[PDB]
Amino acid sequence: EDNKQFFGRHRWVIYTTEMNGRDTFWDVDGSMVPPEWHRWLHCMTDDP
Amino acid sequence: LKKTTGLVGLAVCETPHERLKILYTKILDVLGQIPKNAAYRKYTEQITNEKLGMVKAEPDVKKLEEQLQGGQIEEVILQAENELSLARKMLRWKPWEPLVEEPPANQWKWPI
Amino acid sequence: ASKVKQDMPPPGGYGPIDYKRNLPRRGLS
Amino acid sequence: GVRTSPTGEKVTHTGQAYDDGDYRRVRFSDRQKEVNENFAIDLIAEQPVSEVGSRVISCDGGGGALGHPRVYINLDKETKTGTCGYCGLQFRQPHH
Amino acid sequence: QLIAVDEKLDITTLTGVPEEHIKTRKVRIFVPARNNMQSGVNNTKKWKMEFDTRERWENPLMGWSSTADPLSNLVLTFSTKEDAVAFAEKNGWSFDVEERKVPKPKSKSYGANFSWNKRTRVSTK
Amino acid sequence: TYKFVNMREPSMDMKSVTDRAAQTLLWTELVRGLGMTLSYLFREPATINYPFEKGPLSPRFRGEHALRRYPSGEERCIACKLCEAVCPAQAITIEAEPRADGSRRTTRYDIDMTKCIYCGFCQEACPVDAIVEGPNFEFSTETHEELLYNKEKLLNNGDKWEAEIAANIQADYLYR
Amino acid sequence: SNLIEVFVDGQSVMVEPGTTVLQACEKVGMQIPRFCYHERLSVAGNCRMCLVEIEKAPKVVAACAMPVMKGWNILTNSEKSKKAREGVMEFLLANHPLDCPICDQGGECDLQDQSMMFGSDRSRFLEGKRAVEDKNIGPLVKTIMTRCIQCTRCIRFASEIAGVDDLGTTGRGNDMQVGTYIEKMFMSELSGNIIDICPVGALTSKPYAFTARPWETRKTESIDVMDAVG
Amino acid sequence: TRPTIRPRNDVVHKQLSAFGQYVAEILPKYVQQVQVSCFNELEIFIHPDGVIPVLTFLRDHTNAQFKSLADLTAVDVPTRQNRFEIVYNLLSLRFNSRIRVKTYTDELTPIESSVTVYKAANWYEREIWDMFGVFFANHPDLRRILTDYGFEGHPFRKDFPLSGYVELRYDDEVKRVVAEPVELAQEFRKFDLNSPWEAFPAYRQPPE
Amino acid sequence: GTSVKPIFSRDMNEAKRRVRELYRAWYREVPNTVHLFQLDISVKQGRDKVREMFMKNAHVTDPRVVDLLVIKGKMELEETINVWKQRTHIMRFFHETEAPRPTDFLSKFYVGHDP
Amino acid sequence: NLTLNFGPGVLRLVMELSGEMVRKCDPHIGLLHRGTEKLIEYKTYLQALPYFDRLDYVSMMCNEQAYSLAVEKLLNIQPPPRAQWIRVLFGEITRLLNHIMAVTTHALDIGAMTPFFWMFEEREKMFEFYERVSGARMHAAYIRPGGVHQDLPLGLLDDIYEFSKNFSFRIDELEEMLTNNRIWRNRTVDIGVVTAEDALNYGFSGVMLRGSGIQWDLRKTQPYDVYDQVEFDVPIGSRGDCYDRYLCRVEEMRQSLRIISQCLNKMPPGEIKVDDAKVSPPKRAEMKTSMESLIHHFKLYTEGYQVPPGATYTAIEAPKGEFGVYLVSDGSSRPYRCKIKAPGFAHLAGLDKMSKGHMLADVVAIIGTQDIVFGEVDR
Amino acid sequence: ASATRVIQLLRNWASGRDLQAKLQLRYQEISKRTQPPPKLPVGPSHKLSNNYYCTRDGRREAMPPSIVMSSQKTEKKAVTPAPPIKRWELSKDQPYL
Ligand code: SF4
Ligand code: SF4
Ligand code: SF4
Ligand code: SF4
Ligand code: FES
Ligand SMILES: [Mg+2]
Ligand SMILES: [Zn+2]
């Protein structure tokens with residue numbers, strides 16, 4: 001996070017390079033975020 | 001004299017009192033050919049007579065606007081020829097006659 | 001116990017909101 | 001408690017499984033069959049029976065307004081245990 | 001200004017219904033029977049016109065209920081039986097009319113429960 | 001009360017006429033619009049770095065459906081069929097029967113997610129909070145068939161998203 | 001003939017002597033609310049839901065059981081009768097269980113429909129409700145007596161129509177219960193009809209349990225072939 | 001009447017009733033009935049032959065001048081001999097008022113087109129013809145406006161099925177979009193939501 | 001009695017006249033329709049289809065119904081003249097994608113319960 | 001003179017041209033006719049509420065408000081004051097959304113295309129407001145026939161105020177780009193002129209009236225929720241051309257900001273739906289503790305509420321004009337008839353007259369100035 | 001915004017207004033995404049006594065429309081549907097834009 005950025009750009013995620021079974025160095029998608037971090041990242045809460 | 005009545009397509013009428021008087025006189029003449037017992041004739045007679053009285057009793061045009069309660073004497077004139085045309089159409093129609101026919105038994109029954 | 005708590009404007013209201021047209025004249029004859 | 005059909009298909013908690021001659025199994029070739037592993041009947045069978053010393057006990061499912069509508073259960077029949085119609089939890093008076 | 005022609009009204013050629021949905025369907029005109037699970041009678045006031053049930057089969061995917069007739073859910077409401085018959089006739093449907101069933105008046109007496117000599121005497125209340 | 005938007009009268013003195021002529025000949029308003037666009041170039045863009053950054057949402061957000069269950073592990077749905085009665089799009093199909101222990105449970109619970117209009121009526125008709133419309137919105141599909149959810153898919157959705165679904169319900173349930 | 005003239009909401013109607021107020025209202029076209037009254041059963045007068053106001057009378061009368069008198073004006077939509085209906089539904093719903101989603105009689109309940117039409121829209125009952133133990137009277141009728149409203153319709157049906165005197169009321173006060181007092185099965189060739197006459201979900205069909213909701217089902221009027229009665 | 005009940009306006013009810021008197025008196029040849037609802041809506045029921053005359057009078061009279069045509073529609077009641085109910089909604093900016101004019105017709109009796117009185121009605125009337133099959137005489141250009149070209153039937157009639165009779169798909173054999181009889185993977189579920197125990201006694205009908 | 005209000009005609013003779021005029025216009029149009037829309041049918045087939053459509057409504061014995069069908073056919077003709085339809089709309093009249101529904105009792109009995 | 005067919009919102013347009021001048025213009029609609037009105041007759045009133053979101057899909061809560069007002073008029077109930085204030089606040093927000101969309105897509109079709117992005121940033125912010133209140137970005141289904149579905153979350157009013165105190169400068173930037181530009185003037189000035197009498201006769205409403213000088217606004221003449229209480233000005237044009245309608249719409253954005261300020265300041269406390277559990281559902285806690293509340297929740301969500309028999313025509317001053325509904329109720333829980341009056345229908349009908357003696361490139365400007373969305377036109 | 005002084009001065013000159021005063025991007029001035037619980041007061045009908053539904057039943061007070069001039073069964077001044085509408089005032093905040 002970086003609170004000095006404007007709303008929307010103040011939180012971000014760097015995806016892993018290997019999730020369950022595929023190489024994810026390039027093929028990243030937003031469905032890879034688990035539900036708790038999904039709730040934190042989409043700004044539904046302030047509590048990670 | 002004012003300009004730009006504000007309604008697009010509605011021109012400014014100089015000397016409106018004379019035009020109003022002529023139009024109301026034509027309205028009364030067309031009304032005279034309606035049967036005396038017709039409600040349309042008597043109501044329009046009363047309204048037009050009142051309007052002629054107001055226009056003849058007031059020389060100022062703005063005060064005439066507040067008195068006539070229609071605003072923008074130009075559209076008062078507009079309604080005048082509208083009423084004249086309606087009077088001619090109504091004389092041709094003859095709608096004071098009794099009802100053409102009653103509706104069926106349950107034509108206006110709601111619900112079902 | 002607890003009292004009513006819902007979305008309400010703050011005491012004294014909100015500050016004024018500009019709505020008038022504002023197109024300043026740069027200025028040169 | 002997921003089981004397995006004689007043909008090899010998993011058996012859902014509803015007991016559904018295509019029989020041997022059914023062509024519809026072709027839909028699962030080169031793919032998978034969506035089956036929930038957590039069977040609610042087994043999971044509720046593992047819950048303990050509560051012991052409350054009253055003839056009537058109320059259940060809302062826990063959580064208050066986050067549960068189910070409140071219901072009241074009679075515990076006068078000693079042969080069995082009172083089961084909540086919504087939550088499935090079981091209650092009992094302290095016999096002996 | 002009036003034709004004064006005499007012929008029964010038949011609008012089948014104007015409604016746009018397919019041919020086989022006119023000469024093959026059999027409509028039923030009836031006052032729906034009161035639901036036996038409830039004692040209210042407000043649903044047995046009007047006349048309903050409905051159609052004959054056609055085949056419903058199983059969808060191979062999702063196992064839903066598939067149909068091939070468009071008139072499976074068409075129910076029409078009429079004030080009188082004559083109105084319904086007139087509508088069905090002018091629309092060219094063969095119909096079956098059932099006469100309205102009314103519960104006959106009954107003689108209820110609370111005092112009959114406590115009878116001196118009749119069998120209407122109730123054992124408990 | 002009313003205002004006039006275009007009832008202005010241009011001044012006809014020589015200075016005003018010269019101003020209008022200079023505007024016509026030297027394109028002053030065109031240069032001023034150029035300046036507006038130029039100023040707008042030098043300010044920070046509003047673009048976010050999707051998929052590494054997400055658009056803000058709410059606890060009230062409607063997304064992929066789910067079937068919840070109690071803490072014990074028993075499913076909440078009791079086949080009351082109010083969600084199916086209230087569905088504006090008739091996307092829910094339900095079939096029920098007594099379970100092996102006499103419990104009132106569904107044997108079929110299908111949602112056609114190509115008929116659903118994501119109105120949330122189903123989750124606000126449910127008395128036991130069984131059907132919810134959860135936070136997930138990234139579930140695009142390569143075939144029409146995978147968007148016809150059955151009971152197993154919805155139960156898996158619930159068990160997958162339960163943490164955040166319960167957190168959102170906790171955040172929002174006092175408004176209902 | 002021997003008809004007598006009565007008024008319903010100020011409208012005149014000719015009725016035979018001995019006709020009750022409920023039937024007189026029926027002739028005009030109104031259905032008085034009811035729970036314990038059935039046409040084909042004897043008169044009970046228990047639920048007090050049919051209480052209606054007679055003009056110039058200080059007391060409401062049970063329209064199901066009171067024979068109508070010459071010259072009466074039955075005020076069916078008066079304030080007093082409406083208030084009586086509201087109070088009676090309050091008492092009926094006080095101890096009733098919150099079982100509507102799991103009850104097989106969800107969309108076809110006279111208690112629910114009459115609460116929506118003639119009762120109030122909220123409760124002021126701040127106590128705890130009661131629960132009574134369920135009985136077993138066979139494999140055909142499922143029995144959940146916590147939903148019973150003690151209309152005694154089943155008791156009258158069994159006593160009079162089925163000819164079987166198994167059902168009754170045991171106990172007194174709020175602790176009275178409908179049943180057999182023993183582990184007994186209620187077997188008769190007409191046993192299932194008590195499922196239909198019960199206005200609430202206390203007696204429901206056991207094979208039909210949980211399978212459908214009334215608004216879903218399509219109705220087809222047909223004939224029996226199980227015997228020659230048709 | 002505490003805060004949950006809509007407030008009532010007696011003044012507007014009286015004014016609308018008086019104007020209903022006025023319109024009734026002026027045109028006895030066509031007007032059949034006048035009604036003012038509890039929420040202050042005034043509607044006048046007239047004979048079909050008076051459509052041009054009644055509409056022209058409302059628009060041009062110094063006391064009416066209902067110069068705006070808000071809407072024109074139809075209602076299908078199959079139980080009536082005159083099946084279709086044509087409704088005109090008119091607005092007067094001068095007196096800040098609204099009026100409704102109702103008329104009846106059936107499948108084979110045309111209605112006089114009021115495009116001469118209101119230019120607004122033109123498309124409106126087309127829609128009615130498209131949706132119910134009501135013919136309007138002397139219409140400048142009457143044809144379908146909303147349904148597909150070649151569509152047979154009038155969808156808004158009460159006896160038209162909800163999903164119609166035909167549906168479209170693509171056929172690779174003929175390499176074009178074709179129309180075939182409708183078959184549904186899941187049939188529409190018809191719900192019997194109406195309950196017994198009438199809700200509003202004030203609308204109870206006589207038992208005949 | 002049974003007095004009814006005319007649409008266009010006073011009796012069946014004028015209705016027949018209008019039907020003949022409409023058939024004249026349709027017969028004139030069929031060649032231009034076949035050529036312009038690039039149909040794969042023959043002008044003979046199009047004219048036979050027009051004849052079949054006109055024959056479908058041969059049993060009508062009411063001038064109001066007849067001239068209402070005439071108005072509908074004129075609407076369809078105006079659609080085809082101004083090329084408001086497409087090939088698909090025109091091609092539908094021929095049901096080339098529909099399996100032949102049998103008529104004999106034995107065939108129907110085998111396929112299903114639909115009479 | 002040749003015939004052109006500009007086919008595929010989605011619009012088909014057949015025009016006879018002599019040179020560049022437009023001799024005849026004929027729009028063919030029905031490409032988005034789904035049959036909303038017939039489908040409504042098979043749904044209850046609650047089930048039929050979401051169709052109005054889809055009717056005019058740039059101003060959603062305005063359609064919701066019109067439908068709710070009609071159903072409330074037939075039900076003889078009234079919403080609580082706070083519900084009315086919320087309705088008017090979100091109606092003004094929706095008016096801002098619609099006017100941004102209309103003006104910027106008009107400019108885009110003309111060819112400007114920069115204010116489109118500049119103001120869709122603000123549109124995204126307003127969608128966030130919609131989402132916070134209802135969980136849906138555009139089809140909120142928030143305004144119900146008894147009030148509003150849910151109360152505002154505890155931080156919504158602050159964010160609405162923060163958004164609304166900078167929007168005037170965004171309008172100012174739009175005006176800098178468009179108002180005085182000579183190319184914009186020559187594209188819009190003296191194009192699509194309509195006279196007051198022809199505007200009245202043709203059934204026009206909304207800005208199309210006021211662009212010709214007619215002093216009419218349903219928020220001023222026939223106020224419906226809390227409109228009489230809030231003060232604002234009604235912009236009136238003078239020439240009846242596209243430029244005057246542009247100026248009217250921009251000034252309407254400014255007056256909407258004014259009303260939004262007033263609504264933010266004068267929000268009252270209380271409940272959000274009518275306290276009548278036979279029309280509006282009870283709270284979840286009441287439903288899970290009370291027998292009457294559970295019965296009423298069950299019946300309201302399965303069968304719905306019965307509406308007394310009657311027919312009404314309810315109209316509102318939606319951003320595109322007078323949006324009305326003619327609702328006919330037979331006494332059951334499903335509407336017997338629901339006719340929808342959309343101003344786009346009348347405006348597109350008048351397009352043929354308004355595009356007389358103009359170039360082919362002016363038909364685009366006239367269609368843009370009518371503010372035509374074909375969901376409401378076709379229904 | 002993290003804009004240098006020179007760029008800020010240039011953009012304010014090119015635009016013609018003060019831009020940092022009214023920025024387009026949302027920063028820490030907005031409300032928190034985690035909020036305290038509400039209390040949400042109850043409506044007027046939540047009384048315990050004097051609250052019979054027959055006194056607050058809006059639907060049951062609706063009546064069928066009153067029939068006037070059923071054709072099936074005095075000076076007489078002319079009347080209008082409503083008094084003529086008053087002229088609007090000219091907006092003494094900016095009568096002219
Ligand atoms: S999800 Fe809820 S509303 Fe739907 S059937 Fe299950 S318990 Fe009933
Ligand atoms: S969100 Fe709406 S459309 Fe979708 S399943 Fe739920 S009730 Fe049906
Ligand atoms: S008997 Fe009726 S009121 Fe009682 S729980 Fe069952 S459905 Fe609800
Ligand atoms: S079981 Fe049913 S019928 Fe028998 S007394 Fe109880 S409520 Fe009445
Ligand atoms: S119905 Fe009369 S007291 Fe029960
Ligand atoms: Mg029962
Ligand atoms: Zn429980």
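These values consider heavy atoms only, across backbone and side chains, with no hydrogens, waters or symmetry-generated copies. In what follows, every chain begins at residue 1, and chains take the letters A, B, ... in the order their sequences are listed.
Within residues 156-176 of chain F, the residues that have a heavy atom under 4.5 Å from a heavy atom of chain K are F:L174, F:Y175, listed by number.
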Worked verdict on F:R43 versus K:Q8 for side-chain contact (heavy atoms from CB on, under 4.5 Å): CA-CA 8 Å; F:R43 55 182 91 181; K:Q8 293 181 32; over 6 Å; no
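Taking CG of K:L19 as the reference point, atom OG of F:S39 lies at 6.0 Å (rounded to 0.5 Å). Distance CG/K:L9 to CZ/F:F42: 12.5 Å, rounded to 0.5 Å.
Within the structure, side chain to side chain donor-acceptor pair (under 3.5 Å) contacts touching residues 63-81 of chain K (residues at least two apart or in different chains) are B:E102-K:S71. Sorted by first and then second residue, the pairs that involve residues 56-102 of chain F and meet ring-ring contact (aromatic ring centres under 6.0 Å, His included), not counting sequence neighbours, are F:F61-F:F137, F:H65-F:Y118.
For K:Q35, no part sits under 4.5 Å from any heavy atom of chain F, backbone or side chain. Residue K:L10 touches chain F through its side chain alone, counting heavy-atom pairs closer than 4.5 Å. Both the backbone and the side chain of K:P38 have a heavy atom closer than 4.5 Å to some heavy atom of chain F.
Listed options K:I7, K:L40, K:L25, K:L90 were ranked by heavy-atom pairs under 4.5 angstrom with chain F; first place goes to K:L90.
Within the 4.5 Å cutoff, the side chain of F:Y2 has no heavy atoms near those of the K:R87 side chain. Side-chain atoms of F:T1 and K:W88, non-hydrogen and from C-beta on, never get closer than 4.5 Å to each other.
Residue K:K47 places its NZ atom among more than 12 non-hydrogen atoms of other residues, nucleotides or ligands, all under 6.0 Å distant. Residue K:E29 places its CD atom among more than 12 non-hydrogen atoms of other residues, nucleotides or ligands, all under 6.0 Å distant. Dense packing is recorded around CE of F:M12, with more than 12 heavy atoms of other residues, nucleotides or ligands lying under 6.0 Å away.
Just one residue in the list F:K3, F:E9, F:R8 forms a side chain to side chain contact (heavy atoms under 4.5 Å, CB included) with K:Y96, and that residue is F:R8.
Looking only at distances, a side-chain donor or acceptor of K:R33 sits under 3.5 Å from a matching main-chain atom of F:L57.
Remark: F:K115 pairs with H:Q186 by the side-chain hydrogen bond (donor to acceptor under 3.5 Å, both in side chains) rule, at least two apart or across chains.
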